[PDB]
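File shown: upload.cif. Contents: mmCIF, N, CA and C atoms (P, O5', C5', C4', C3', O3' and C1' of nucleotides).
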```
data_target
loop_
_atom_site.label_atom_id
_atom_site.label_comp_id
_atom_site.auth_asym_id
_atom_site.auth_seq_id
_atom_site.Cartn_x
_atom_site.Cartn_y
_atom_site.Cartn_z
N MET A 1 -39.67 -36.66 -60.60
CA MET A 1 -40.50 -36.29 -59.47
C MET A 1 -40.00 -36.96 -58.19
N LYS A 2 -39.58 -38.22 -58.31
CA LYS A 2 -39.09 -38.97 -57.16
C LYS A 2 -37.58 -38.88 -57.00
N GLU A 3 -36.83 -38.83 -58.11
CA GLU A 3 -35.38 -38.67 -58.02
C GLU A 3 -35.03 -37.32 -57.41
N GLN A 4 -35.74 -36.26 -57.80
CA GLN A 4 -35.52 -34.95 -57.20
C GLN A 4 -35.84 -34.98 -55.71
N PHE A 5 -36.90 -35.69 -55.33
CA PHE A 5 -37.23 -35.84 -53.91
C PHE A 5 -36.09 -36.53 -53.16
N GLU A 6 -35.56 -37.61 -53.73
CA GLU A 6 -34.48 -38.35 -53.07
C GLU A 6 -33.23 -37.49 -52.93
N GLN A 7 -32.88 -36.75 -53.98
CA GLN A 7 -31.72 -35.87 -53.90
C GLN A 7 -31.95 -34.74 -52.90
N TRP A 8 -33.18 -34.24 -52.80
CA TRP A 8 -33.50 -33.23 -51.80
C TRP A 8 -33.32 -33.78 -50.39
N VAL A 9 -33.80 -35.00 -50.14
CA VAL A 9 -33.63 -35.62 -48.83
C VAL A 9 -32.15 -35.83 -48.53
N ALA A 10 -31.38 -36.29 -49.52
CA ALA A 10 -29.95 -36.49 -49.31
C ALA A 10 -29.24 -35.18 -49.02
N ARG A 11 -29.60 -34.11 -49.73
CA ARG A 11 -28.99 -32.81 -49.50
C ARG A 11 -29.31 -32.29 -48.10
N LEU A 12 -30.56 -32.43 -47.67
CA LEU A 12 -30.92 -32.03 -46.32
C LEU A 12 -30.60 -33.10 -45.28
N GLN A 13 -30.21 -34.30 -45.71
CA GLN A 13 -29.86 -35.40 -44.81
C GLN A 13 -30.98 -35.67 -43.81
N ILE A 14 -32.21 -35.74 -44.32
CA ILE A 14 -33.36 -36.01 -43.46
C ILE A 14 -33.33 -37.47 -43.02
N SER A 15 -33.61 -37.69 -41.74
CA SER A 15 -33.56 -39.03 -41.17
C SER A 15 -34.61 -39.93 -41.81
N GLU A 16 -34.47 -41.24 -41.56
CA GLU A 16 -35.37 -42.21 -42.16
C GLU A 16 -36.80 -42.00 -41.69
N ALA A 17 -36.99 -41.71 -40.40
CA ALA A 17 -38.34 -41.47 -39.89
C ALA A 17 -38.96 -40.24 -40.54
N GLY A 18 -38.18 -39.17 -40.68
CA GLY A 18 -38.71 -37.96 -41.30
C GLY A 18 -39.09 -38.17 -42.75
N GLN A 19 -38.23 -38.84 -43.52
CA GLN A 19 -38.55 -39.13 -44.92
C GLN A 19 -39.76 -40.05 -45.02
N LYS A 20 -39.88 -41.01 -44.11
CA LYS A 20 -41.04 -41.89 -44.10
C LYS A 20 -42.32 -41.11 -43.85
N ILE A 21 -42.30 -40.19 -42.88
CA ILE A 21 -43.49 -39.41 -42.59
C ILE A 21 -43.82 -38.47 -43.75
N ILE A 22 -42.79 -37.94 -44.42
CA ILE A 22 -43.03 -37.07 -45.56
C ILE A 22 -43.66 -37.85 -46.71
N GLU A 23 -43.15 -39.06 -46.97
CA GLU A 23 -43.74 -39.90 -48.01
C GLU A 23 -45.18 -40.27 -47.67
N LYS A 24 -45.44 -40.58 -46.40
CA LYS A 24 -46.81 -40.89 -45.98
C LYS A 24 -47.73 -39.70 -46.21
N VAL A 25 -47.25 -38.49 -45.92
CA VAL A 25 -48.05 -37.29 -46.17
C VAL A 25 -48.32 -37.13 -47.66
N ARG A 26 -47.27 -37.23 -48.48
CA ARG A 26 -47.41 -37.03 -49.91
C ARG A 26 -48.20 -38.13 -50.60
N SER A 27 -48.40 -39.27 -49.94
CA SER A 27 -49.20 -40.36 -50.51
C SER A 27 -50.63 -40.37 -49.98
N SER A 28 -50.80 -40.34 -48.67
CA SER A 28 -52.12 -40.48 -48.07
C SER A 28 -53.01 -39.28 -48.41
N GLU A 29 -54.29 -39.56 -48.61
CA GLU A 29 -55.29 -38.53 -48.83
C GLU A 29 -55.58 -37.81 -47.52
N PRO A 30 -56.21 -36.63 -47.57
CA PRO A 30 -56.47 -35.89 -46.33
C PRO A 30 -57.31 -36.70 -45.35
N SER A 31 -56.98 -36.56 -44.07
CA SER A 31 -57.58 -37.41 -43.04
C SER A 31 -59.07 -37.14 -42.89
N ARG A 32 -59.45 -35.87 -42.78
CA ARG A 32 -60.84 -35.49 -42.60
C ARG A 32 -61.24 -34.49 -43.67
N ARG A 33 -62.52 -34.53 -44.06
CA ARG A 33 -63.05 -33.54 -44.97
C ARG A 33 -63.48 -32.30 -44.20
N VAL A 34 -63.17 -31.14 -44.76
CA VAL A 34 -63.43 -29.88 -44.08
C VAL A 34 -64.92 -29.65 -43.96
N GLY A 35 -65.38 -29.35 -42.75
CA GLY A 35 -66.76 -29.01 -42.49
C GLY A 35 -66.89 -27.54 -42.13
N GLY A 36 -68.00 -26.93 -42.54
CA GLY A 36 -68.20 -25.51 -42.33
C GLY A 36 -68.36 -25.11 -40.87
N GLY A 37 -68.72 -26.05 -40.01
CA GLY A 37 -68.94 -25.71 -38.61
C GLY A 37 -70.19 -24.88 -38.46
N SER A 38 -70.06 -23.74 -37.77
CA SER A 38 -71.19 -22.84 -37.56
C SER A 38 -70.89 -21.38 -37.85
N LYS A 39 -69.62 -20.96 -37.85
CA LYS A 39 -69.26 -19.57 -38.08
C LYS A 39 -68.12 -19.42 -39.08
N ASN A 40 -67.73 -20.51 -39.75
CA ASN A 40 -66.57 -20.51 -40.63
C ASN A 40 -67.00 -20.78 -42.06
N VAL A 41 -66.51 -19.95 -42.98
CA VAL A 41 -66.70 -20.19 -44.41
C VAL A 41 -65.66 -21.19 -44.86
N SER A 42 -66.11 -22.31 -45.41
CA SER A 42 -65.21 -23.41 -45.74
C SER A 42 -64.99 -23.47 -47.24
N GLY A 43 -64.22 -24.46 -47.69
CA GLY A 43 -64.20 -24.69 -49.12
C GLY A 43 -62.93 -25.17 -49.79
N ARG A 44 -62.85 -24.95 -51.10
CA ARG A 44 -61.79 -25.47 -51.95
C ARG A 44 -61.06 -24.33 -52.65
N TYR A 45 -59.75 -24.51 -52.85
CA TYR A 45 -59.00 -23.59 -53.65
C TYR A 45 -58.13 -24.38 -54.64
N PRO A 46 -58.04 -23.89 -55.90
CA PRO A 46 -57.16 -24.56 -56.86
C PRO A 46 -55.70 -24.15 -56.72
N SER A 47 -54.89 -24.99 -56.11
CA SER A 47 -53.46 -24.74 -55.98
C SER A 47 -52.75 -25.20 -57.25
N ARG A 48 -52.35 -24.23 -58.09
CA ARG A 48 -51.61 -24.52 -59.32
C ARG A 48 -50.19 -25.01 -59.03
N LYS A 49 -49.62 -24.64 -57.88
CA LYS A 49 -48.30 -25.13 -57.51
C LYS A 49 -48.29 -26.66 -57.42
N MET A 50 -49.08 -27.21 -56.50
CA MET A 50 -49.30 -28.65 -56.51
C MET A 50 -50.05 -29.08 -57.75
N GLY A 51 -51.02 -28.28 -58.18
CA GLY A 51 -51.90 -28.68 -59.26
C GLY A 51 -53.11 -29.45 -58.80
N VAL A 52 -53.58 -29.23 -57.58
CA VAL A 52 -54.73 -29.95 -57.03
C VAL A 52 -55.55 -28.99 -56.17
N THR A 53 -56.73 -29.45 -55.76
CA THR A 53 -57.59 -28.68 -54.88
C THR A 53 -57.15 -28.87 -53.44
N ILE A 54 -57.17 -27.78 -52.68
CA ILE A 54 -56.84 -27.80 -51.26
C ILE A 54 -58.03 -27.27 -50.48
N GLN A 55 -58.35 -27.95 -49.38
CA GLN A 55 -59.48 -27.59 -48.54
C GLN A 55 -59.05 -26.63 -47.44
N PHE A 56 -59.87 -25.61 -47.22
CA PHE A 56 -59.66 -24.65 -46.14
C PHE A 56 -60.92 -24.56 -45.29
N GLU A 57 -60.73 -24.35 -43.99
CA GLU A 57 -61.84 -24.23 -43.05
C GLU A 57 -62.14 -22.79 -42.67
N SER A 58 -61.42 -21.82 -43.24
CA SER A 58 -61.61 -20.42 -42.89
C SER A 58 -61.00 -19.56 -43.98
N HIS A 59 -61.77 -18.61 -44.49
CA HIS A 59 -61.33 -17.80 -45.62
C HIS A 59 -60.65 -16.50 -45.21
N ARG A 60 -60.56 -16.21 -43.91
CA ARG A 60 -59.91 -14.99 -43.45
C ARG A 60 -58.85 -15.21 -42.38
N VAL A 61 -58.63 -16.45 -41.93
CA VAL A 61 -57.51 -16.73 -41.04
C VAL A 61 -56.63 -17.87 -41.53
N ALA A 62 -57.10 -18.73 -42.41
CA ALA A 62 -56.30 -19.83 -42.94
C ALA A 62 -56.09 -19.75 -44.44
N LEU A 63 -57.08 -19.29 -45.19
CA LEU A 63 -56.93 -19.18 -46.64
C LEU A 63 -55.79 -18.24 -47.04
N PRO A 64 -55.63 -17.05 -46.44
CA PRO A 64 -54.49 -16.20 -46.82
C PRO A 64 -53.14 -16.87 -46.67
N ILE A 65 -52.98 -17.72 -45.66
CA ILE A 65 -51.75 -18.51 -45.55
C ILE A 65 -51.60 -19.41 -46.77
N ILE A 66 -52.72 -19.94 -47.27
CA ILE A 66 -52.68 -20.76 -48.48
C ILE A 66 -52.23 -19.92 -49.68
N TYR A 67 -52.72 -18.68 -49.79
CA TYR A 67 -52.24 -17.84 -50.89
C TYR A 67 -50.75 -17.60 -50.78
N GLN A 68 -50.27 -17.33 -49.56
CA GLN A 68 -48.85 -17.09 -49.35
C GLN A 68 -48.03 -18.30 -49.76
N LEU A 69 -48.45 -19.49 -49.34
CA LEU A 69 -47.70 -20.70 -49.69
C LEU A 69 -47.76 -20.98 -51.18
N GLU A 70 -48.87 -20.63 -51.84
CA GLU A 70 -48.94 -20.75 -53.29
C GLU A 70 -47.94 -19.83 -53.98
P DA B 1 -58.38 -31.97 -34.31
"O5'" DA B 1 -59.42 -30.90 -34.88
"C5'" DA B 1 -59.68 -30.83 -36.28
"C4'" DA B 1 -60.62 -29.69 -36.59
"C3'" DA B 1 -60.48 -28.48 -35.68
"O3'" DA B 1 -59.57 -27.55 -36.24
"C1'" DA B 1 -62.75 -29.19 -35.74
P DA B 2 -59.18 -26.22 -35.44
"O5'" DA B 2 -60.27 -25.15 -35.91
"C5'" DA B 2 -60.52 -24.96 -37.30
"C4'" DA B 2 -61.91 -24.40 -37.52
"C3'" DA B 2 -62.25 -23.21 -36.65
"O3'" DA B 2 -61.80 -22.02 -37.27
"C1'" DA B 2 -64.05 -24.77 -36.67
P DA B 3 -61.06 -20.90 -36.39
"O5'" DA B 3 -62.25 -20.11 -35.69
"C5'" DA B 3 -62.43 -18.72 -35.94
"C4'" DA B 3 -63.48 -18.49 -37.00
"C3'" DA B 3 -63.17 -17.38 -37.98
"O3'" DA B 3 -63.85 -17.60 -39.20
"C1'" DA B 3 -64.73 -16.68 -36.27
P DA B 4 -63.26 -16.99 -40.57
"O5'" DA B 4 -63.63 -15.44 -40.48
"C5'" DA B 4 -64.11 -14.76 -41.62
"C4'" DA B 4 -65.50 -14.22 -41.37
"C3'" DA B 4 -65.60 -12.70 -41.33
"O3'" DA B 4 -65.91 -12.16 -42.64
"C1'" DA B 4 -66.48 -13.60 -39.33
P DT B 5 -67.37 -12.28 -43.30
"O5'" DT B 5 -68.23 -11.14 -42.57
"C5'" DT B 5 -69.54 -11.43 -42.12
"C4'" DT B 5 -70.59 -10.74 -42.97
"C3'" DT B 5 -71.99 -11.35 -42.89
"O3'" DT B 5 -72.95 -10.31 -42.76
"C1'" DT B 5 -71.31 -11.20 -45.13
P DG B 6 -73.42 -9.81 -41.31
"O5'" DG B 6 -74.03 -8.36 -41.59
"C5'" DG B 6 -73.42 -7.50 -42.55
"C4'" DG B 6 -74.25 -7.44 -43.82
"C3'" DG B 6 -74.84 -6.07 -44.14
"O3'" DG B 6 -74.15 -5.43 -45.25
"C1'" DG B 6 -76.45 -7.84 -44.45
P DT B 7 -74.14 -6.02 -46.75
"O5'" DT B 7 -75.66 -5.93 -47.26
"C5'" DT B 7 -76.14 -6.87 -48.21
"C4'" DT B 7 -77.47 -6.45 -48.81
"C3'" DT B 7 -77.63 -4.95 -49.05
"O3'" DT B 7 -78.27 -4.74 -50.29
"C1'" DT B 7 -79.42 -5.73 -47.77
P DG B 8 -77.51 -4.01 -51.50
"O5'" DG B 8 -78.71 -3.44 -52.39
"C5'" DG B 8 -79.66 -4.34 -52.95
"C4'" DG B 8 -81.08 -3.88 -52.67
"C3'" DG B 8 -81.37 -2.41 -52.99
"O3'" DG B 8 -82.61 -2.31 -53.67
"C1'" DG B 8 -82.09 -2.91 -50.83
P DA B 9 -82.74 -1.49 -55.05
"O5'" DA B 9 -84.28 -1.67 -55.44
"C5'" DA B 9 -84.84 -2.97 -55.52
"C4'" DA B 9 -86.22 -3.02 -54.90
"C3'" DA B 9 -87.14 -1.86 -55.25
"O3'" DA B 9 -88.45 -2.35 -55.46
"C1'" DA B 9 -86.84 -1.97 -52.89
P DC B 10 -89.66 -1.35 -55.81
"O5'" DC B 10 -90.37 -1.13 -54.40
"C5'" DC B 10 -90.55 -2.24 -53.53
"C4'" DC B 10 -91.32 -1.84 -52.28
"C3'" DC B 10 -92.36 -0.74 -52.49
"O3'" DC B 10 -93.51 -1.05 -51.72
"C1'" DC B 10 -90.80 -0.04 -50.86
P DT B 11 -94.86 -0.20 -51.88
"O5'" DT B 11 -94.98 0.57 -50.49
"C5'" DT B 11 -94.90 -0.17 -49.29
"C4'" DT B 11 -94.53 0.72 -48.12
"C3'" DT B 11 -95.50 1.88 -47.85
"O3'" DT B 11 -95.88 1.85 -46.49
"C1'" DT B 11 -93.27 2.64 -47.87
P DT B 12 -97.04 2.81 -45.93
"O5'" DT B 12 -96.25 3.80 -44.96
"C5'" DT B 12 -95.29 3.27 -44.05
"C4'" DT B 12 -94.58 4.38 -43.31
"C3'" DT B 12 -95.48 5.51 -42.82
"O3'" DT B 12 -95.03 5.97 -41.56
"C1'" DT B 12 -93.85 6.39 -44.26
P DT B 13 -95.98 5.87 -40.28
"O5'" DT B 13 -95.35 6.91 -39.25
"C5'" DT B 13 -95.51 8.30 -39.47
"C4'" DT B 13 -94.18 9.02 -39.46
"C3'" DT B 13 -94.24 10.48 -39.02
"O3'" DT B 13 -93.22 10.75 -38.08
"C1'" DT B 13 -93.13 10.30 -41.09
P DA B 14 -93.31 12.05 -37.15
"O5'" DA B 14 -92.62 13.19 -38.02
"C5'" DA B 14 -91.31 13.00 -38.52
"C4'" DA B 14 -90.85 14.21 -39.32
"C3'" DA B 14 -91.55 15.52 -38.97
"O3'" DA B 14 -90.59 16.56 -38.89
"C1'" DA B 14 -91.73 15.11 -41.29
P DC B 15 -90.93 17.93 -38.13
"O5'" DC B 15 -90.58 19.05 -39.21
"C5'" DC B 15 -89.36 18.97 -39.93
"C4'" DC B 15 -89.49 19.68 -41.27
"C3'" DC B 15 -90.18 21.04 -41.21
"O3'" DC B 15 -89.30 22.06 -41.66
"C1'" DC B 15 -91.06 19.70 -42.98
P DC B 16 -89.76 23.60 -41.61
"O5'" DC B 16 -90.34 23.88 -43.08
"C5'" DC B 16 -89.50 23.71 -44.21
"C4'" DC B 16 -90.29 23.76 -45.50
"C3'" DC B 16 -91.08 25.05 -45.74
"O3'" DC B 16 -90.74 25.60 -47.01
"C1'" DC B 16 -92.45 23.16 -46.12
P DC B 17 -91.31 27.03 -47.45
"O5'" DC B 17 -92.66 26.68 -48.24
"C5'" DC B 17 -92.59 25.97 -49.48
"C4'" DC B 17 -93.93 26.02 -50.19
"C3'" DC B 17 -94.65 27.36 -50.13
"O3'" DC B 17 -95.19 27.70 -51.39
"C1'" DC B 17 -96.05 25.66 -49.27
P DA B 18 -95.55 29.22 -51.73
"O5'" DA B 18 -97.15 29.23 -51.82
"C5'" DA B 18 -97.81 28.44 -52.80
"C4'" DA B 18 -99.26 28.23 -52.42
"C3'" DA B 18 -100.02 29.51 -52.06
"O3'" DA B 18 -100.97 29.81 -53.07
"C1'" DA B 18 -100.49 27.69 -50.55
P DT B 19 -101.93 31.09 -52.92
"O5'" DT B 19 -103.22 30.52 -52.20
"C5'" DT B 19 -103.83 29.33 -52.68
"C4'" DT B 19 -104.92 28.87 -51.74
"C3'" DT B 19 -105.91 29.96 -51.31
"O3'" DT B 19 -107.24 29.50 -51.47
"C1'" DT B 19 -105.08 28.82 -49.43
P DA B 20 -108.46 30.54 -51.52
"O5'" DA B 20 -109.42 30.07 -50.33
"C5'" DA B 20 -110.14 28.85 -50.44
"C4'" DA B 20 -110.55 28.33 -49.07
"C3'" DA B 20 -111.54 29.21 -48.31
"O3'" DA B 20 -112.54 28.39 -47.71
"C1'" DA B 20 -109.66 28.77 -46.97
P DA B 21 -113.94 29.02 -47.24
"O5'" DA B 21 -114.09 28.52 -45.73
"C5'" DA B 21 -112.94 28.20 -44.98
"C4'" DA B 21 -113.13 28.54 -43.51
"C3'" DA B 21 -114.05 29.72 -43.24
"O3'" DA B 21 -114.66 29.57 -41.96
"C1'" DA B 21 -111.89 30.26 -42.53
P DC B 22 -115.91 30.48 -41.53
"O5'" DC B 22 -115.48 31.08 -40.10
"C5'" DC B 22 -115.53 30.25 -38.95
"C4'" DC B 22 -114.48 30.66 -37.93
"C3'" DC B 22 -114.84 31.90 -37.10
"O3'" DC B 22 -114.80 31.60 -35.71
"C1'" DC B 22 -112.64 32.07 -37.99
P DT B 23 -115.25 32.71 -34.64
"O5'" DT B 23 -113.88 33.38 -34.17
"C5'" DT B 23 -112.96 32.63 -33.38
"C4'" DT B 23 -111.67 33.40 -33.15
"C3'" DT B 23 -111.81 34.69 -32.33
"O3'" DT B 23 -110.71 34.79 -31.44
"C1'" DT B 23 -110.74 35.16 -34.34
P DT B 24 -110.74 35.79 -30.19
"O5'" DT B 24 -109.35 36.57 -30.31
"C5'" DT B 24 -108.89 37.00 -31.58
"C4'" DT B 24 -107.50 37.62 -31.49
"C3'" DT B 24 -107.41 38.85 -30.63
"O3'" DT B 24 -106.04 39.13 -30.39
"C1'" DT B 24 -107.40 39.48 -32.90
P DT B 25 -105.59 40.04 -29.15
"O5'" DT B 25 -105.36 41.48 -29.81
"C5'" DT B 25 -104.44 41.62 -30.89
"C4'" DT B 25 -104.62 42.96 -31.58
"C3'" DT B 25 -105.09 44.10 -30.68
"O3'" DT B 25 -104.33 45.27 -30.96
"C1'" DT B 25 -106.47 43.96 -32.56
P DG B 26 -104.12 46.40 -29.84
"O5'" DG B 26 -103.55 47.65 -30.65
"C5'" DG B 26 -102.36 47.51 -31.43
"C4'" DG B 26 -102.47 48.28 -32.74
"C3'" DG B 26 -102.77 49.77 -32.59
"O3'" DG B 26 -102.10 50.50 -33.61
"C1'" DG B 26 -104.54 48.72 -33.77
P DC B 27 -102.18 52.11 -33.64
"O5'" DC B 27 -103.35 52.43 -34.68
"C5'" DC B 27 -103.16 52.14 -36.06
"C4'" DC B 27 -104.31 52.69 -36.90
"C3'" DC B 27 -104.71 54.13 -36.60
"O3'" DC B 27 -105.04 54.80 -37.81
"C1'" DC B 27 -106.57 52.73 -36.29
P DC B 28 -104.65 56.34 -38.02
"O5'" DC B 28 -106.06 57.06 -38.28
"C5'" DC B 28 -107.05 57.06 -37.27
"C4'" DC B 28 -108.39 56.62 -37.83
"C3'" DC B 28 -109.52 57.63 -37.66
"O3'" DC B 28 -110.42 57.54 -38.76
"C1'" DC B 28 -110.07 55.66 -36.50
P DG B 29 -111.28 58.82 -39.22
"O5'" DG B 29 -111.86 59.40 -37.85
"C5'" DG B 29 -113.06 60.16 -37.84
"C4'" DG B 29 -114.25 59.26 -37.55
"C3'" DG B 29 -115.43 59.97 -36.88
"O3'" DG B 29 -116.66 59.53 -37.46
"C1'" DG B 29 -114.72 58.15 -35.54
P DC B 30 -117.98 60.43 -37.31
"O5'" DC B 30 -118.65 59.90 -35.95
"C5'" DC B 30 -119.37 58.67 -35.94
"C4'" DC B 30 -120.02 58.43 -34.59
"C3'" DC B 30 -120.72 59.64 -33.97
"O3'" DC B 30 -121.96 59.25 -33.40
"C1'" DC B 30 -119.16 58.76 -32.45
P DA B 31 -123.06 60.35 -32.99
"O5'" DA B 31 -123.41 60.00 -31.47
"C5'" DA B 31 -124.06 58.77 -31.15
"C4'" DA B 31 -123.87 58.42 -29.68
"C3'" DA B 31 -124.45 59.44 -28.69
"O3'" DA B 31 -125.06 58.76 -27.60
"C1'" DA B 31 -122.13 59.16 -28.29
P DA B 32 -125.98 59.58 -26.56
"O5'" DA B 32 -125.06 59.70 -25.26
"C5'" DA B 32 -124.74 58.54 -24.50
"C4'" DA B 32 -123.74 58.86 -23.40
"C3'" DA B 32 -124.14 60.01 -22.47
"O3'" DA B 32 -123.90 59.64 -21.11
"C1'" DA B 32 -121.99 60.40 -23.36
P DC B 33 -124.52 60.50 -19.91
"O5'" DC B 33 -123.24 61.08 -19.15
"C5'" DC B 33 -122.34 60.19 -18.49
"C4'" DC B 33 -121.09 60.92 -18.04
"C3'" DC B 33 -121.33 62.13 -17.14
"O3'" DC B 33 -120.42 62.11 -16.04
"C1'" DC B 33 -120.00 62.75 -18.98
P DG B 34 -120.65 63.06 -14.77
"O5'" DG B 34 -119.39 64.05 -14.80
"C5'" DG B 34 -118.08 63.53 -14.64
"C4'" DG B 34 -117.03 64.58 -14.96
"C3'" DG B 34 -117.19 65.91 -14.21
"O3'" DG B 34 -115.92 66.35 -13.74
"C1'" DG B 34 -117.12 66.31 -16.54
#
```

Take the structure in the file and give it back as structure tokens.
Amino acid sequence: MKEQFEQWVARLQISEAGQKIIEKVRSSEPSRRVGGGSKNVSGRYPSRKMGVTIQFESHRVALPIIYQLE
DNA sequence: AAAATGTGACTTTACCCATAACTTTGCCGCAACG
């Protein structure tokens, strides 16, 4: 899981700052919890690619992008 | 930090259908005048 990541970074030759920010993203939990607001349907989707739940704040402008990325 | 869910069982006007009930009105006779 980590050796493949390192080889991917080496192949793309990502700078130290970029790899650091990527590791911070892949380690840190989401910054804010999704709130429904007032006109947005919010919620969770099971991403089998990652294998975890992903939060979306809109089911007709952001969720379809999630399906595409899955 | 943020766009996308009204809905359906219940009740109510509206038109048609059949019949009762009073008023219309042409088709006929009958009395009166020319």

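The part of chain A that reaches within 7 Å of chain B is made up of residues 35, 36, 37, 38, 39, 40, 41, 57, 58, 59, 60, 61 and 62 of chain A, counting only N, CA and C atoms (P, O5', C5', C4', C3', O3' and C1' of nucleotides).
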
Just to confirm, what's the straight-line distance from atom CA of residue A:18 to atom CA of residue A:30 in Å (one decimal)?
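Rounded to one decimal, the two atoms are 18.6 Å apart.
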
Taking all atoms of stretch 10-26 of chain B that the file lists, what box with edges along x, y and z, padded by 5 Å per side, do you get, with centre and edge lengths in Å to one decimal, as JSON?
```
{"center_x": -102.6, "center_y": 24.1, "center_z": -42.5, "size_x": 36.6, "size_y": 62.7, "size_z": 36.7}
```

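For stretch 46-55 of chain A, the set of protein, DNA and RNA residues having any atom at most 8 Å away, when counting all atoms listed in the file and skipping those fewer than 4 positions along the same chain, is residues 33, 34, 42, 63, 69 and 70 of chain A.
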
Let's have the selection written as a PDB file, keeping the file's coordinate frame, with N, CA and C atoms.
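What ended up in result_21.pdb:
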```pdb
ATOM      1  N   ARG A  33     -62.520 -34.530 -44.060  1.00  0.00           N
ATOM      2  CA  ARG A  33     -63.050 -33.540 -44.970  1.00  0.00           C
ATOM      3  C   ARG A  33     -63.480 -32.300 -44.200  1.00  0.00           C
ATOM      4  N   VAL A  34     -63.170 -31.140 -44.760  1.00  0.00           N
ATOM      5  CA  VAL A  34     -63.430 -29.880 -44.080  1.00  0.00           C
ATOM      6  C   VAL A  34     -64.920 -29.650 -43.960  1.00  0.00           C
ATOM      7  N   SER A  42     -66.110 -22.310 -45.410  1.00  0.00           N
ATOM      8  CA  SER A  42     -65.210 -23.410 -45.740  1.00  0.00           C
ATOM      9  C   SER A  42     -64.990 -23.470 -47.240  1.00  0.00           C
ATOM     10  N   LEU A  63     -57.080 -19.290 -45.190  1.00  0.00           N
ATOM     11  CA  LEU A  63     -56.930 -19.180 -46.640  1.00  0.00           C
ATOM     12  C   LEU A  63     -55.790 -18.240 -47.040  1.00  0.00           C
ATOM     13  N   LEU A  69     -48.450 -19.490 -49.340  1.00  0.00           N
ATOM     14  CA  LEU A  69     -47.700 -20.700 -49.690  1.00  0.00           C
ATOM     15  C   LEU A  69     -47.760 -20.980 -51.180  1.00  0.00           C
ATOM     16  N   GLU A  70     -48.870 -20.630 -51.840  1.00  0.00           N
ATOM     17  CA  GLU A  70     -48.940 -20.750 -53.290  1.00  0.00           C
ATOM     18  C   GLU A  70     -47.940 -19.830 -53.980  1.00  0.00           C
TER      19      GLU A  70
END
```

DSSP alpha helix (DSSP H) residues within chain A, listed as a PyMOL selection string:
chain A and resi 2-12+16-27+63-69

DSSP on the backbone, then: every residue of chain A marked strand (DSSP E), written as a ChimeraX atom specification.
/A:43-47,52-56

Just give me the gap between atom C of residue A:4 and atom C of residue A:21 in Å, one decimal is fine.
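Going from atom C of residue A:4 over to atom C of residue A:21 covers 14.8 Å.
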
For atom C of residue A:13 and atom C of residue A:27, the interatomic separation in Å (one decimal):
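Between atom C of residue A:13 and atom C of residue A:27 the gap is 21.1 Å.
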
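Closest approach to residue A:56 among A:44, A:24, A:2, A:11 is made by A:44 (distances from only N, CA and C atoms).
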